[PDB]
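Here's the structure we're looking at; comments come further down.
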Amino acid sequence: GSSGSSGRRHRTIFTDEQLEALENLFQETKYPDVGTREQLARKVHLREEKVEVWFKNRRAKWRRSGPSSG
């Protein structure tokens with residue numbers, strides 16, 4: 001649960017609009033609020049759960065590319 005190390009999650013494609021919002025939120029705040037997520041989801045025509053996932057994916061790079069690792 002905490003970290004997606006044990007379990008695996010598949011990825012899905014999104015539209016420019018959907019991505020925009022997501023990136024617009026993840027950019028301002030790495031970890032949004034249940035209220036913001038639920039709303040954003042319906043706003044981008046997505047499921048809260050999915051929304052949260054996208055964020056996790058982004059972080060992956062933010063660390064890989066960043067000096068955080070290596």
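Residues in the structure tokens are numbered from 1 in each chain, the chains being A, B, ... in the order shown, and ligands are numbered from 1 in the order shown.
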
Exercise for the section: Identify, on the basis of only C-alpha atoms, every residue whose closest approach to residue 33 of chain A does not exceed 12 Å; exclude the query and any residue fewer than 5 positions from it along the same chain; express the result as a list in words. Expected result: residues 25, 26, 38, 39, 40, 41, 48, 51 and 52 of chain A

Expected file: the selected residues, C-alpha atoms, as a compact mmCIF listing (two decimals), in the first residue's frame:
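Generated output (part-v3.txt):
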```txt
# COMPACT_ATOMS: atom_id res chain seq x y z
CA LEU A 25 -1.84 20.41 -9.67
CA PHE A 26 1.26 18.25 -9.20
CA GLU A 38 -12.09 14.12 -6.20
CA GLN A 39 -13.04 17.38 -7.91
CA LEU A 40 -10.12 17.49 -10.34
CA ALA A 41 -10.98 13.94 -11.39
CA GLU A 48 -9.90 9.92 -8.26
CA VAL A 51 -5.58 10.79 -10.67
CA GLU A 52 -3.53 9.81 -7.62
```

Practice task
Write out as a PyMOL selection string the residues lying within 10 Å of residue 19 of chain A, counting only C-alpha atoms and excluding same-chain residues fewer than 5 positions away.
Solution key: chain A and resi 13-14+24-25+44+51+54

Atoms kept (N, CA, C and O atoms) for selection, written as a PDB file, in the first residue's frame:
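Written file, selection.pdb:
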```pdb
ATOM      1  N   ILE A  13      -3.162   6.218 -21.157  1.00  0.00           N
ATOM      2  CA  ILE A  13      -2.965   7.472 -21.874  1.00  0.00           C
ATOM      3  C   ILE A  13      -4.030   8.495 -21.497  1.00  0.00           C
ATOM      4  O   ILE A  13      -5.156   8.136 -21.151  1.00  0.00           O
ATOM      5  N   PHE A  14      -3.670   9.772 -21.570  1.00  0.00           N
ATOM      6  CA  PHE A  14      -4.595  10.849 -21.237  1.00  0.00           C
ATOM      7  C   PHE A  14      -4.573  11.934 -22.309  1.00  0.00           C
ATOM      8  O   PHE A  14      -3.652  12.002 -23.124  1.00  0.00           O
ATOM      9  N   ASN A  24      -0.782  20.696 -13.664  1.00  0.00           N
ATOM     10  CA  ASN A  24      -1.044  21.989 -13.041  1.00  0.00           C
ATOM     11  C   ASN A  24      -1.194  21.843 -11.530  1.00  0.00           C
ATOM     12  O   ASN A  24      -0.898  22.770 -10.773  1.00  0.00           O
ATOM     13  N   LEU A  25      -1.654  20.674 -11.096  1.00  0.00           N
ATOM     14  CA  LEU A  25      -1.843  20.406  -9.675  1.00  0.00           C
ATOM     15  C   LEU A  25      -0.563  19.862  -9.049  1.00  0.00           C
ATOM     16  O   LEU A  25      -0.118  20.338  -8.003  1.00  0.00           O
ATOM     17  N   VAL A  44     -11.547  16.495 -15.087  1.00  0.00           N
ATOM     18  CA  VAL A  44     -10.781  15.964 -16.209  1.00  0.00           C
ATOM     19  C   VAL A  44     -11.393  14.669 -16.729  1.00  0.00           C
ATOM     20  O   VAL A  44     -10.806  13.985 -17.568  1.00  0.00           O
ATOM     21  N   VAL A  51      -6.255   9.510 -10.864  1.00  0.00           N
ATOM     22  CA  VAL A  51      -5.579  10.788 -10.668  1.00  0.00           C
ATOM     23  C   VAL A  51      -4.374  10.637  -9.745  1.00  0.00           C
ATOM     24  O   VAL A  51      -3.270  11.068 -10.075  1.00  0.00           O
ATOM     25  N   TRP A  54      -1.283   8.868 -11.483  1.00  0.00           N
ATOM     26  CA  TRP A  54      -0.501   9.755 -12.336  1.00  0.00           C
ATOM     27  C   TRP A  54       0.573  10.478 -11.532  1.00  0.00           C
ATOM     28  O   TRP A  54       1.728  10.557 -11.950  1.00  0.00           O
TER      29      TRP A  54
END
```

Practice task
Would you mind reading off the distance between atom CA of residue 36 of chain A and atom CA of residue 22 of chain A, one decimal, in Å?
Solution key: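 Going from atom CA of residue 36 of chain A over to atom CA of residue 22 of chain A covers 10.9 Å.
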
Handout entry: Between atom CA of residue 32 of chain A and atom CA of residue 49 of chain A, distance in Å (one decimal)
Key =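 Answer for the atom CA of residue 32 of chain A to atom CA of residue 49 of chain A separation: 12.5 Å.
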
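Atom CA of residue 7 of chain A lies 26.8 Å from atom CA of residue 21 of chain A.
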
Problem - DSSP alpha helix (DSSP H) residues within segment 4-65 of chain A, as a PyMOL selection string - result: chain A and resi 16-28+34-44+48-64

Practice task
Considering only C-alpha atoms, return as JSON, numbers by chain whatever protein or nucleic-acid residues lie within 10 Å of residue 30 of chain A, sequence-local ones (same chain, fewer than 3 positions apart) excluded.
Solution key: {"A": [23, 25, 26, 27, 55, 56, 58, 59]}

Take the residues from that selection and write them out as a PDB file, in the first residue's frame, keeping C-alpha atoms.
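Resulting contents of result-v1.pdb:
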```pdb
ATOM      1  CA  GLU A  23       0.502  18.704 -14.177  1.00  0.00           C
ATOM      2  CA  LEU A  25      -1.843  20.406  -9.675  1.00  0.00           C
ATOM      3  CA  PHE A  26       1.257  18.253  -9.203  1.00  0.00           C
ATOM      4  CA  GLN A  27       3.313  21.340 -10.041  1.00  0.00           C
ATOM      5  CA  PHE A  55       1.116  11.724  -9.513  1.00  0.00           C
ATOM      6  CA  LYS A  56       3.073   8.685  -8.330  1.00  0.00           C
ATOM      7  CA  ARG A  58       5.602  11.793 -12.165  1.00  0.00           C
ATOM      8  CA  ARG A  59       7.524  11.553  -8.891  1.00  0.00           C
TER       9      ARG A  59
END
```

Exercise for the section: Choose the residue, out of A:45, A:50, A:70, A:34, that has the smallest atom-to-atom separation from residue 17 of chain A; count only C-alpha atoms. Expected result: A:45
